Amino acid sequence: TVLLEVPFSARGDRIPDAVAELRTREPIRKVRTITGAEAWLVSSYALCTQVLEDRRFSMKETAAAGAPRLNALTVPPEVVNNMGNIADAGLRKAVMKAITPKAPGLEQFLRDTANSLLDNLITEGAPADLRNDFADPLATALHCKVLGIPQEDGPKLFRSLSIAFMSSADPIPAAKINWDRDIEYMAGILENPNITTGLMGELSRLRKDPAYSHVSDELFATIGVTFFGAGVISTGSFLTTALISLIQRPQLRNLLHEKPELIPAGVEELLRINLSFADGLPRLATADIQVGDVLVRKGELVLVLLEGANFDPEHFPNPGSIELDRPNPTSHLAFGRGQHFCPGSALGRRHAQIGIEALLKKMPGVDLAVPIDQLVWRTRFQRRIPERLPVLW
């Protein structure tokens, strides 16, 4: 027998029975990654929270040369410390303020965009592909608006993502080509006088403010590339798999259609049960640290399995069921926890809430147009997503 390999399954419509067996028997245990490295896979709520809240389990140290790797880097090593670099530049407050869903008109733009996408699918007739022709275009349009960049530039930036978020054993030549091109695009945006709104408009102003005169042009461009990429891949993939979970639950679909004020609670449960992250969150130990029955040694890789935490019955009883009245509804780990908690969490919630509200109003009869087993799940990728999501209504 060989050492247990991760990831277990690229299917995003169901959790393997294996996760519950593992959490019960060995909530921290040694696995092999796709690179051949060994790692500790953590799968209980208690131990996942412990790792994420202890900064001695470091995300920037995962990029060190010679470290055991979950996958190959698709960005320059310094970008693994992206939020640390942003904070060190004095930019964290401005960046986080620009990516909230609170800017005037933003939520209306989201609703208008969702409704337009859905009207076009209704005109064309069933079947419709809710990933490529709804959820991903909605994420792309949102992030162009949030960044302040032209909508027509969205698709080209989007098409970098099927490579940029690969989970590969080896470096990916195309990832560098696309990264360098996207950095050049964002550098041009910062020099473009017509870009005055959104995140890039704000960074463009701060770039010429004496208080930021020593912040590198490379960092400013990197913020644009990285926030577009992480935001689009994360919101598009989450919404897509949330739609499957909703379609699989006609009673829930009808409840949210009938009572749209329950959509936020519904989205929070869809977040909790979401399988969009294809790999555990990686951290490198910077000291010898006890985690359950294992003494993790300095220099070892730890993988925090989000669905391990989020389906843990000790924290979320009847964990496979969507229940809108849980006492601890936001205590899931869908956005991470601790130092690296997702800075786009509010925007991600709103993207999904508006998308779902619009879908349920326009397509109350939405159902899969193919048997669920026919969905094609993307492999060796940092998200779990079906290549196409064919629906009828």
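Residue numbers run from 1 along the displayed sequence.
Checked against the record, the higher mean CA B factor of 217-225 and 92-100 lies with 92-100. Once the C-alpha B-factors are averaged per stretch, 20-28 and 381-389 rank with 20-28 first.
Taking only the listed residues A285, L275, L239, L256, the entry reports the highest CA temperature factor at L256. Within the group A37, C48, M363, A334, the record's highest C-alpha temperature factor is found at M363. When the modelled residues of the chain are ordered by C-alpha B-factor, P327 sits in the highest third. When all modelled residues of the chain are sorted by CA temperature factor, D136 is found within the lowest third. In the PDB entry, a CA B factor belonging to the lowest third of its chain's modelled residues is recorded for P68. Among all modelled residues in this chain, the alpha-carbon of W179 has a temperature factor (C-alpha) in the lowest third. Per-chain ranking of the deposited C-alpha B factor places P313 in the middle third.
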